[PDB]
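Undergrad: Shown below is the structure under consideration.
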Amino acid sequence: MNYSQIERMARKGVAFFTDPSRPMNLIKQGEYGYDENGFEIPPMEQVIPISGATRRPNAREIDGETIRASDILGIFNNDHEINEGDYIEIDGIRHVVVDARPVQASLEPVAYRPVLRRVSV
Amino acid sequence: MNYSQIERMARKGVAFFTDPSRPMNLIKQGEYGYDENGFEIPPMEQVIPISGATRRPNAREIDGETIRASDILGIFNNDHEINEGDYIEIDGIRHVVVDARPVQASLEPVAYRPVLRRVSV
Amino acid sequence: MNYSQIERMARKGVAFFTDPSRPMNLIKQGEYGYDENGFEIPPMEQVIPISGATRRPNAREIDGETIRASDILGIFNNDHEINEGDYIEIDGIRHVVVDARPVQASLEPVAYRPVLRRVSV
Amino acid sequence: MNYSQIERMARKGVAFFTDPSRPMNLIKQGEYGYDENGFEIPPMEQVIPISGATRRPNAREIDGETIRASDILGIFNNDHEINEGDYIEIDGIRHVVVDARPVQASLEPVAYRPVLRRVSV
Amino acid sequence: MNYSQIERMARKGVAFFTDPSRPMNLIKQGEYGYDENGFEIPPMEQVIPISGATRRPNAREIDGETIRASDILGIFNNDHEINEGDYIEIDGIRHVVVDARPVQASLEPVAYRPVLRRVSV
Amino acid sequence: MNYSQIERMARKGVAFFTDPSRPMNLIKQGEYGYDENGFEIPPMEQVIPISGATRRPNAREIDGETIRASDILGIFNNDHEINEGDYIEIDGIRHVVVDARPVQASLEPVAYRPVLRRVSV
Amino acid sequence: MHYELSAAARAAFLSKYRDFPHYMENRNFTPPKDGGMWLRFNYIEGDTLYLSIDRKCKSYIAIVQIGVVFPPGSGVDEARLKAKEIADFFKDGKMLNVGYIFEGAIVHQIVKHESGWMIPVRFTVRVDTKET
Amino acid sequence: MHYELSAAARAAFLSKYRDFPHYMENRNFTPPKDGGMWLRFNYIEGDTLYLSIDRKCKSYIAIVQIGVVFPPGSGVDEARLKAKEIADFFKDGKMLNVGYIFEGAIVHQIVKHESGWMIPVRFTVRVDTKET
Amino acid sequence: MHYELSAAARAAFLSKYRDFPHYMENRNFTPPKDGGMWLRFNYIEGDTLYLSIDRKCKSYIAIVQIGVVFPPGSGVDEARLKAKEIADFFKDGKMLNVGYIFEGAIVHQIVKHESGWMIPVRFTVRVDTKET
Amino acid sequence: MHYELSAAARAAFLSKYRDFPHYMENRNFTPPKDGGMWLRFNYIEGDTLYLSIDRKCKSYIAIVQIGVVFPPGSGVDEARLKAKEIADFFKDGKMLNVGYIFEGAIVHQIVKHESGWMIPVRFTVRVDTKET
Amino acid sequence: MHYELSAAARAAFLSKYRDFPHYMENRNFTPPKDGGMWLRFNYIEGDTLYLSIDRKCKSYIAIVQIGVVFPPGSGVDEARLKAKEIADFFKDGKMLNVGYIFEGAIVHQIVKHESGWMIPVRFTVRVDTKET
Amino acid sequence: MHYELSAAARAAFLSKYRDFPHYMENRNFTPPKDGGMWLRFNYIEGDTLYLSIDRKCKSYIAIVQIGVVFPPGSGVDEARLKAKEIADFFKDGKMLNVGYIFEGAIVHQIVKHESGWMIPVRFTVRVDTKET
């Protein structure tokens with residue numbers, strides 16, 4: 001079976017349920033390393049734009065301390081591959097990609113369905 | 001896809017299953033801050049009217065002490081955006097919006113589906 | 001949408017699956033209050049007749065002590081509103097209304113679906 | 001709605017999925033009472049025949065001690081009303097009626113669906 | 001209703017989804033008994049052939065110790081009745097019949113659906 | 001019923017949802033044994049190629065330590081039979097076959113549906 | 001001598017509360033339809049102590065628990081009055097016809113449930129036997 | 001003498017806080033619609049001590065817990081002020097009309113919930129009875 | 001010497017209760033169809049004590065538990081009578097053919113279930129071995 | 001004197017960290033959008049000790065916990081530096097305006113989560129009151 | 001000296017039971033098809049004790065557990081005989097080629113399962129090392 | 001002085017095992033594709049002790065845990081050899097550049113999982129500070 005046709009269908013479907021006014025960025029900080037004593041920071045941010053769709057909002061409850069946090073799920077495109085420790089800048093709010101969950105039956109996955117949790121607590 | 005049409009459909013649907021005789025208000029108390037020793041109260045109430053629909057009543061059981069509390073779920077409109085710590089005045093009874101849960105695939109959500117729990121216990 | 005038509009439909013539906021030979025009463029004891037030392041009883045019974053339908057019988061198991069108790073669920077009408085601490089006299093057996101659960105999307109609910117547990121243990 | 005027609009339908013349905021060769025009895029031991037010191041036994045057995053259908057066999061596992069017990073569910077008729085502490089003699093094996101579970105929306109239930117567990121362990 | 005027709009249908013259905021090349025035996029060891037001091041073994045094996053179908057393989061995980069065990073479920077015929085403590089010799093591997101689970105609504109069950117777990121651990 | 005036709009259908013179905021560019025290998029290390037004191041390693045690798053399909057990615061969460069592991073499920077062919085302790089080399093990443101789960105109703109299973117977890121942690 | 005101890009406790013309990021609704025161990029009993037309070041009877045085995053060095057003179061300890069259950073939303077006044085009467089009847093040192101009360105008239109905290117509450121009243125009995 | 005002790009505690013509590021919204025054991029009570037704070041009353045049974053060797057002079061211990069519940073997102077200032085007033089009213093050594101306070105004015109840690117918090121205030125009462 | 005101890009306990013138990021329905025470890029057994037009571041036999045390993053300094057003379061401790069199970073709704077009288085007979089048979093100090101009873105005739109509290117109850121009777125056995 | 005103690009602790013904390021993002025008890029607060037670290041403030045009630053025999057001179061103990069939360073995948077260096085600064089500021093023996101620090105500058109082990117970590121810094125305060 | 005201790009224990013175990021079916025740590029092993037019994041081998045680390053004041057002469061403690069698993073419904077006689085043989089082989093004070101047995105021949109209670117039982121046999125080994 | 005202690009421990013660990021694959025706290029790290037073993041580094045805070053009466057001279061205790069994880073079905077020989085090397089490197093009394101090792105070279109029992117095992121090696125460090 002042809003996977004290019006599936007890629008085109010997935011791209012058009014993602015472009016259907018999307019709004020071209022939500023600012024979404026992506027952070028790929030990496031290449032860390034410790035000093036000869038243990039003092040160093042990763043000097044990479046690598047902010048790039050991205051667009052997609054979101055669904056299923058959910059609220060965070062920890063101890064009844066009224067922290068008022070939330071987390072959602074998203075659907076994205078194949079370019080700018082997502083990893084297991086990246087950050088997503090959704091409407092000025094950072095989320096961490098806990099799960100990548102590519103929609104994959106072949107190499108070079110057609111799309112990604114990451115699971116995002118709000119950063120900090 | 002057009003989201004204005006979805007907004008109109010959601011507004012008409014909410015206006016369908018609603019009763020224009022239930023008094024419903026909304027409280028947006030905010031802008032707190034402590035004194036130079038720690039004595040101050042938030043001087044804001046911001047009571048505004050609102051209308052919507054409710055569903056799925058549920059009862060509260062804690063210890064068998066016969067407190068007789070209850071909590072429900074609601075569906076509302078896009079104006080007067082709901083937050084994660086607001087109060088809803090349903091028929092003279094206060095409820096706290098634990099979860100916002102907007103029905104969102106785009107900015108400026110078309111509607112909200114908050115989860116309400118009765119205030120106090 | 002019109003709620004009077006829904007009320008008529010619910011009333012006829014309740015009157016369909018009902019048997020006009022099961023004695024059912026309702027108790028609204030209330031207006032208590034303690035003495036100047038703490039000795040007083042609520043002098044109210046307020047027994048009124050009622051009719052409805054029941055479903056889903058269930059058995060009570062606590063410790064294996066063979067107490068042989070049971071509890072059911074019911075569907076009732078809009079008049080003689082049910083509360084969270086009332087008693088139901090089903091066939092000479094008392095049950096306590098743990099949950100009211102009105103079928104409500106508007107004021108003056110069309111019907112009630114209480115959850116009853118047998119009194120004592 | 002008429003319940004006599006439902007009774008006839010239930011009786012014919014029970015008589016359909018039944019085998020008129022399985023010996024089934026019923027025990028209604030009762031009217032106990034203690035002596036002036038506490039020594040007395042209930043002098044009642046009240047063995048009566050009965051017929052019905054059974055379904056959903058299940059096995060009992062306690063500690064890995066290989067006791068090899070089993071329990072089932074049954075469907076019966078309206079006559080010889082079942083109670084919460086009766087015994088059923090299915091193919092020479094005693095079972096205790098833990099749950100009565102009448103199929104009831106009216107007085108004089110049309111049929112019973114008891115839950116049986118094997119006696120002893 | 002006639003149960004002989006159901007028996008024929010079940011037999012043909014079992015004979016459909018079966019492979020007449022899998023060696024399957026059955027063990028009915030029994031009639032044990034202790035000596036005057038407590039030393040004796042059951043001198044019965046009673047190995048008889050049998051055929052049937054299997055489904056739903058499952059793996060056993062205990063402590064992470066890599067024991068690599070497995071267990072399955074089976075469907076069999078009415079002859080050579082299965083009990084709650086018999087052994088099944090599936091492809092040279094022993095399994096213990098934890099649950100008999102006859103497909104029964106009458107005496108002399110038409111078929112059995114035992115649950116098998118691999119012997120030892 | 002004929003199982004060769006089912007084998008052909010399963011083979012074609014597996015060959016449909018597959019990509020002939022993902023490098024997949026298989027390891028059958030075995031025939032271990034300890035020395036006269038307890039020092040010896042298994043001198044077998046037995047790397048052979050294989051192809052198939054994968055589905056349902058999943059992420060591993062242990063303590064919040066950001067290990068970023070993942071595991072998937074797969075569908076394979078009948079040749080090169082899978083066992084309960086083999087390794088799968090999917091895109092240069094090793095996975096351990098915790099469960100074999102053959103799709104079996106007969107000897108020589110038509111296909112396998114193993115459950116793979118990433119090696120190490 | 002452990003069966004006769006339970007027999008004596010039962011004999012005393014029925015001697016005092018024959019007519020009140022009550023529950024007994026391993027007997028089918030249904031709560032009153034009127035929702036009123038009923039009594040609960042339980043027997044808890046203790047331990048047997050070997051007192052001497054020849055393992056002849058022994059002792060038996062047992063615990064008897066009586067609980068009162070009352071409907072929710074009906075106060076805790078009459079239940080406490082009934083518990084007080086129960087405690088007063090089973091005075092310490094009372095001599096049964098097989099043994100005697102080692103420790104009596106103890107009232108513990110209330111256990112709460114959404115269908116019915118319970119106030120447990122508990123005491124202990126003891127008997128001494130010499131084996132010859 | 002355990003029913004009269006609870007009666008005395010209730011009498012004192014209503015003598016001080018008759019008008020404030022409050023909850024009482026095994027009575028149907030609904031929280032205020034305005035979301036304001038309400039009081040909570042509980043009675044915890046203790047143990048009865050046999051002091052002498054003739055098992056005549058006894059003693060009764062009990063625990064009374066009063067909790068204040070306040071809506072979330074409304075601070076912890078006024079709740080602590082109310083708890084301070086509660087503790088000051090129930091001073092140690094206060095003589096009730098049936099007994100006296102053995103140990104009073106104790107404030108414990110706050111328990112948190114997503115619907116309402118609670119600050120528990122707890123103290124104990126004691127009575128001595130001689131049986132003749 | 002731990003296999004012979006269990007053998008001796010089994011020998012005594014069958015010497016007394018050969019005909020009564022009973023269950024034995026790791027043997028397929030089905031409860032009586034009539035719903036009557038049956039016996040239960042279990043062997044619980046203890047610990048082995050090294051008594052001397054040359055690690056030669058040892059000791060073995062074991063626990064034997066016998067339980068009686070009776071149908072629900074049939075009282076607790078005959079079960080207690082059977083437990084009393086069980087306790088009387090296994091008197092303290094009884095000399096088995098491999099060892100002797102270290103501690104016997106103990107009856108514990110009843111465990112309840114919705115299908116069948118149980119009264120556990122428990123005792124211990126001991127043997128002493130000298131290694132040469 | 002327990003409300004003023006919390007007031008004094010809050011006064012000191014805002015005197016040092018007015019501008020840093022922080023959370024306060026029972027107040028709606030949202031974490032920073034930039035994902036940076038924020039402070040956490042909690043007040044844990046202790047116990048009140050009756051020191052003398054006339055039940056007049058008392059003592060109050062309380063526990064104040066400050067936690068730092070930092071995003072995952074960002075190291076543990078700056079968090080430990082901030083914790084060190086927190087510990088250094090709240091030196092032992094520091095005299096508050098209502099009480100004093102009984103025990104200060106304690107750092108406990110890190111608690112891990114898949115959304116954000118936390119390093120808890122904890123100390124205690126004490127006040128002495130004489131009742132006349 | 002902790003790797004050589006496990007090596008010595010393995011060497012002894014294979015010296016005695018080379019041919020019997022057995023399982024070894026972190027090695028793929030399948031139970032016998034015939035359903036017969038097989039051996040189980042595990043190594044449990046203990047603690048290392050610093051004996052002197054210069055932190056030079058040390059000690060190592062370890063626990064070795066051998067379990068026998070036998071099919072359900074096949075009695076407990078031959079399993080106990082095998083456990084007795086296991087205990088007799090690993091006599092106390094036996095001198096290994098790297099260490100010696102600190103405590104041997106202990107048999108614990110049987111663990112039950114619906115697929116297979118197990119009788120665990122456990123002992124300990126010790127070694128002493130002087131660091132120079 | 002608690003940040004510098006962790007810094008010193010990290011400095012030593014990288015001084016010995018710079019090239020071996022390893023994991024560090026709160027840093028994104030993926031296990032090797034080849035399935036080989038990798039090191040694990042954790043820092044566990046202890047407690048700070050106030051030694052004198054003027055609350056000036058203090059002490060800091062910390063726990064450092066290093067774990068080795070190895071694939072299932074690959075034996076436990078090389079893992080134990082690596083653990084032995086780890087223990088030998090971190091000898092007791094070793095002087096770090098900020099502190100010293102209070103207690104070193106401890107190996108605990110193996111934790112098992114169906115995806116990967118782990119042998120934890122644990123030791124402690126201490127530092128003394130005088131405040132002026």
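Letters A, B, ... go to the chains of the structure tokens in the order shown; residues in each chain start at 1; ligands are counted from 1 in the same order.
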Any idea which chain B residues end up within 6 Å of chain A if we count only C-alpha atoms, as a list in words please?
TA: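 Therefore, the residues near the partner are residues 1, 84, 99, 101, 105 and 106 of chain B.
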Undergrad: Determine which residues of chain I sit within 10 Å of chain E, taking into account only C-alpha atoms, and present them as a PyMOL selection string.
TA: chain I and resi 4+6-15+18+24+27-30
Undergrad: Using only N, CA, C and O atoms, please write the residues we just selected to a file, as a PDB file, in the first residue's frame.
TA:
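Heads up, here's the output in again_2.pdb:
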ATOM      1  N   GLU I   4       8.944 -36.687  59.020  1.00  0.00           N
ATOM      2  CA  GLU I   4       8.346 -37.661  59.926  1.00  0.00           C
ATOM      3  C   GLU I   4       7.391 -37.004  60.915  1.00  0.00           C
ATOM      4  O   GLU I   4       6.438 -37.643  61.367  1.00  0.00           O
ATOM      5  N   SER I   6       5.308 -34.396  60.293  1.00  0.00           N
ATOM      6  CA  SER I   6       4.042 -34.282  59.579  1.00  0.00           C
ATOM      7  C   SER I   6       3.407 -35.650  59.380  1.00  0.00           C
ATOM      8  O   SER I   6       2.181 -35.794  59.473  1.00  0.00           O
ATOM      9  N   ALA I   7       4.226 -36.669  59.104  1.00  0.00           N
ATOM     10  CA  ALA I   7       3.693 -38.021  58.976  1.00  0.00           C
ATOM     11  C   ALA I   7       3.016 -38.473  60.265  1.00  0.00           C
ATOM     12  O   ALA I   7       1.937 -39.072  60.230  1.00  0.00           O
ATOM     13  N   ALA I   8       3.637 -38.195  61.412  1.00  0.00           N
ATOM     14  CA  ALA I   8       3.059 -38.579  62.697  1.00  0.00           C
ATOM     15  C   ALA I   8       1.759 -37.833  62.969  1.00  0.00           C
ATOM     16  O   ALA I   8       0.786 -38.425  63.461  1.00  0.00           O
ATOM     17  N   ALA I   9       1.729 -36.532  62.674  1.00  0.00           N
ATOM     18  CA  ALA I   9       0.499 -35.769  62.868  1.00  0.00           C
ATOM     19  C   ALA I   9      -0.629 -36.320  62.002  1.00  0.00           C
ATOM     20  O   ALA I   9      -1.763 -36.486  62.471  1.00  0.00           O
ATOM     21  N   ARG I  10      -0.327 -36.630  60.738  1.00  0.00           N
ATOM     22  CA  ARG I  10      -1.327 -37.233  59.864  1.00  0.00           C
ATOM     23  C   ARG I  10      -1.779 -38.586  60.396  1.00  0.00           C
ATOM     24  O   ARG I  10      -2.971 -38.912  60.352  1.00  0.00           O
ATOM     25  N   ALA I  11      -0.840 -39.392  60.891  1.00  0.00           N
ATOM     26  CA  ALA I  11      -1.191 -40.709  61.408  1.00  0.00           C
ATOM     27  C   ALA I  11      -2.167 -40.592  62.570  1.00  0.00           C
ATOM     28  O   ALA I  11      -3.174 -41.304  62.622  1.00  0.00           O
ATOM     29  N   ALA I  12      -1.899 -39.672  63.497  1.00  0.00           N
ATOM     30  CA  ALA I  12      -2.814 -39.467  64.617  1.00  0.00           C
ATOM     31  C   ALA I  12      -4.178 -38.983  64.134  1.00  0.00           C
ATOM     32  O   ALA I  12      -5.225 -39.479  64.579  1.00  0.00           O
ATOM     33  N   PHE I  13      -4.186 -38.019  63.207  1.00  0.00           N
ATOM     34  CA  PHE I  13      -5.452 -37.447  62.759  1.00  0.00           C
ATOM     35  C   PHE I  13      -6.324 -38.495  62.076  1.00  0.00           C
ATOM     36  O   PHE I  13      -7.530 -38.571  62.338  1.00  0.00           O
ATOM     37  N   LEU I  14      -5.736 -39.317  61.201  1.00  0.00           N
ATOM     38  CA  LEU I  14      -6.507 -40.401  60.597  1.00  0.00           C
ATOM     39  C   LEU I  14      -6.855 -41.485  61.607  1.00  0.00           C
ATOM     40  O   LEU I  14      -7.873 -42.169  61.447  1.00  0.00           O
ATOM     41  N   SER I  15      -6.032 -41.669  62.641  1.00  0.00           N
ATOM     42  CA  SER I  15      -6.377 -42.625  63.685  1.00  0.00           C
ATOM     43  C   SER I  15      -7.644 -42.203  64.410  1.00  0.00           C
ATOM     44  O   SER I  15      -8.421 -43.051  64.864  1.00  0.00           O
ATOM     45  N   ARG I  18     -10.833 -41.079  60.719  1.00  0.00           N
ATOM     46  CA  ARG I  18     -10.705 -41.730  59.419  1.00  0.00           C
ATOM     47  C   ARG I  18     -11.963 -41.560  58.574  1.00  0.00           C
ATOM     48  O   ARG I  18     -11.878 -41.310  57.367  1.00  0.00           O
ATOM     49  N   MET I  24      -7.050 -32.782  52.598  1.00  0.00           N
ATOM     50  CA  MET I  24      -5.620 -32.933  52.821  1.00  0.00           C
ATOM     51  C   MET I  24      -4.842 -32.105  51.809  1.00  0.00           C
ATOM     52  O   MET I  24      -5.329 -31.815  50.713  1.00  0.00           O
ATOM     53  N   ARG I  27      -4.395 -32.120  47.477  1.00  0.00           N
ATOM     54  CA  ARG I  27      -5.183 -33.232  46.966  1.00  0.00           C
ATOM     55  C   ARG I  27      -6.557 -32.730  46.555  1.00  0.00           C
ATOM     56  O   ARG I  27      -7.180 -31.946  47.277  1.00  0.00           O
ATOM     57  N   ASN I  28      -7.023 -33.181  45.393  1.00  0.00           N
ATOM     58  CA  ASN I  28      -8.331 -32.774  44.896  1.00  0.00           C
ATOM     59  C   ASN I  28      -9.422 -33.312  45.813  1.00  0.00           C
ATOM     60  O   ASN I  28      -9.514 -34.524  46.039  1.00  0.00           O
ATOM     61  N   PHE I  29     -10.250 -32.412  46.337  1.00  0.00           N
ATOM     62  CA  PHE I  29     -11.302 -32.771  47.274  1.00  0.00           C
ATOM     63  C   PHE I  29     -12.504 -31.871  47.040  1.00  0.00           C
ATOM     64  O   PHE I  29     -12.357 -30.655  46.905  1.00  0.00           O
ATOM     65  N   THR I  30     -13.692 -32.473  46.998  1.00  0.00           N
ATOM     66  CA  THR I  30     -14.904 -31.697  46.801  1.00  0.00           C
ATOM     67  C   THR I  30     -15.761 -31.708  48.063  1.00  0.00           C
ATOM     68  O   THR I  30     -15.852 -32.737  48.741  1.00  0.00           O
TER      69      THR I  30
END
Undergrad: Give me, as a list in words, the residues of stretch 1-63 of chain C that a backbone DSSP run labels alpha helix (DSSP H).
TA: residues 3, 4, 5, 6, 7, 8, 9, 10, 11, 12, 13, 14, 15 and 16 of chain C
Undergrad: Restricting it to N, CA, C and O atoms, dump the selection as a PDB file, in the first residue's frame.
TA:
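Contents of result.pdb, as written:
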ATOM      1  N   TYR C   3     -40.973  22.940  27.832  1.00  0.00           N
ATOM      2  CA  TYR C   3     -40.802  21.961  28.896  1.00  0.00           C
ATOM      3  C   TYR C   3     -42.117  21.405  29.422  1.00  0.00           C
ATOM      4  O   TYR C   3     -42.108  20.354  30.071  1.00  0.00           O
ATOM      5  N   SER C   4     -43.239  22.081  29.165  1.00  0.00           N
ATOM      6  CA  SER C   4     -44.532  21.539  29.571  1.00  0.00           C
ATOM      7  C   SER C   4     -44.845  20.246  28.830  1.00  0.00           C
ATOM      8  O   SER C   4     -45.371  19.295  29.420  1.00  0.00           O
ATOM      9  N   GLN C   5     -44.531  20.194  27.533  1.00  0.00           N
ATOM     10  CA  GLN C   5     -44.740  18.971  26.766  1.00  0.00           C
ATOM     11  C   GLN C   5     -43.878  17.835  27.303  1.00  0.00           C
ATOM     12  O   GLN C   5     -44.331  16.688  27.398  1.00  0.00           O
ATOM     13  N   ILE C   6     -42.629  18.140  27.665  1.00  0.00           N
ATOM     14  CA  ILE C   6     -41.759  17.136  28.273  1.00  0.00           C
ATOM     15  C   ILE C   6     -42.337  16.669  29.601  1.00  0.00           C
ATOM     16  O   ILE C   6     -42.260  15.485  29.945  1.00  0.00           O
ATOM     17  N   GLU C   7     -42.915  17.593  30.372  1.00  0.00           N
ATOM     18  CA  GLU C   7     -43.546  17.223  31.635  1.00  0.00           C
ATOM     19  C   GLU C   7     -44.706  16.260  31.413  1.00  0.00           C
ATOM     20  O   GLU C   7     -44.839  15.257  32.125  1.00  0.00           O
ATOM     21  N   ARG C   8     -45.560  16.553  30.432  1.00  0.00           N
ATOM     22  CA  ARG C   8     -46.678  15.657  30.140  1.00  0.00           C
ATOM     23  C   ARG C   8     -46.180  14.288  29.690  1.00  0.00           C
ATOM     24  O   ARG C   8     -46.701  13.251  30.122  1.00  0.00           O
ATOM     25  N   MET C   9     -45.167  14.267  28.820  1.00  0.00           N
ATOM     26  CA  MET C   9     -44.626  12.994  28.354  1.00  0.00           C
ATOM     27  C   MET C   9     -44.049  12.184  29.507  1.00  0.00           C
ATOM     28  O   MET C   9     -44.281  10.973  29.601  1.00  0.00           O
ATOM     29  N   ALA C  10     -43.296  12.836  30.396  1.00  0.00           N
ATOM     30  CA  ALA C  10     -42.722  12.140  31.541  1.00  0.00           C
ATOM     31  C   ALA C  10     -43.807  11.617  32.473  1.00  0.00           C
ATOM     32  O   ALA C  10     -43.701  10.499  32.988  1.00  0.00           O
ATOM     33  N   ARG C  11     -44.854  12.412  32.704  1.00  0.00           N
ATOM     34  CA  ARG C  11     -45.938  11.964  33.571  1.00  0.00           C
ATOM     35  C   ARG C  11     -46.637  10.740  32.994  1.00  0.00           C
ATOM     36  O   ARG C  11     -46.897   9.768  33.714  1.00  0.00           O
ATOM     37  N   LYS C  12     -46.939  10.761  31.691  1.00  0.00           N
ATOM     38  CA  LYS C  12     -47.581   9.601  31.077  1.00  0.00           C
ATOM     39  C   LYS C  12     -46.662   8.384  31.090  1.00  0.00           C
ATOM     40  O   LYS C  12     -47.115   7.259  31.328  1.00  0.00           O
ATOM     41  N   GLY C  13     -45.367   8.587  30.838  1.00  0.00           N
ATOM     42  CA  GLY C  13     -44.436   7.473  30.878  1.00  0.00           C
ATOM     43  C   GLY C  13     -44.332   6.845  32.255  1.00  0.00           C
ATOM     44  O   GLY C  13     -44.277   5.620  32.386  1.00  0.00           O
ATOM     45  N   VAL C  14     -44.299   7.676  33.298  1.00  0.00           N
ATOM     46  CA  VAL C  14     -44.273   7.155  34.661  1.00  0.00           C
ATOM     47  C   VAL C  14     -45.570   6.420  34.973  1.00  0.00           C
ATOM     48  O   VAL C  14     -45.561   5.345  35.587  1.00  0.00           O
ATOM     49  N   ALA C  15     -46.707   6.979  34.550  1.00  0.00           N
ATOM     50  CA  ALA C  15     -47.987   6.323  34.776  1.00  0.00           C
ATOM     51  C   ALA C  15     -48.131   5.030  33.984  1.00  0.00           C
ATOM     52  O   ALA C  15     -48.987   4.206  34.318  1.00  0.00           O
ATOM     53  N   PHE C  16     -47.325   4.839  32.938  1.00  0.00           N
ATOM     54  CA  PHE C  16     -47.396   3.601  32.167  1.00  0.00           C
ATOM     55  C   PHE C  16     -46.834   2.427  32.959  1.00  0.00           C
ATOM     56  O   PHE C  16     -47.536   1.442  33.216  1.00  0.00           O
TER      57      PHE C  16
END
Undergrad: What gap, in Å, lies between atom CA of residue D:117 and atom CA of residue I:66?
TA: 24.1 Å
Undergrad: As a list in words, could you give me every residue of chain J near chain L (at most 7 Å apart, counting only C-alpha atoms)?
TA: residues 72, 73, 74, 75, 76, 80, 81, 106, 108 and 109 of chain J
Undergrad: Filtering to C-alpha atoms, could you give me those residues as a PDB file, in the first residue's frame?
TA:
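Writing the result to again-v3.pdb gives the following:
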ATOM      1  CA  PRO J  72      11.963  19.078  34.138  1.00  0.00           C
ATOM      2  CA  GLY J  73      15.054  18.716  31.998  1.00  0.00           C
ATOM      3  CA  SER J  74      16.656  21.920  33.311  1.00  0.00           C
ATOM      4  CA  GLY J  75      19.190  20.569  35.815  1.00  0.00           C
ATOM      5  CA  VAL J  76      19.327  20.822  39.591  1.00  0.00           C
ATOM      6  CA  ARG J  80      20.100  24.033  44.806  1.00  0.00           C
ATOM      7  CA  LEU J  81      21.630  27.520  44.721  1.00  0.00           C
ATOM      8  CA  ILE J 106      16.865  22.353  56.805  1.00  0.00           C
ATOM      9  CA  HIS J 108      15.166  17.658  52.502  1.00  0.00           C
ATOM     10  CA  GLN J 109      15.264  15.235  49.587  1.00  0.00           C
TER      11      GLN J 109
END
Undergrad: Would you list, as a ChimeraX atom specification, the residues of chain F that end up in strand (DSSP E or B) under DSSP run on this structure's backbone?
TA: /F:24-27,47-49,53-60,69-76,87-90,93-99,102,112,115-118
Undergrad: Just give me the gap between atom CA of residue H:130 and atom CA of residue H:65 in Å, one decimal is fine.
TA: 27.3 Å
Undergrad: What is the distance between atom CA of residue H:78 and atom CA of residue H:21, in Å to one decimal?
TA: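 Between atom CA of residue H:78 and atom CA of residue H:21 the gap is 16.0 Å.
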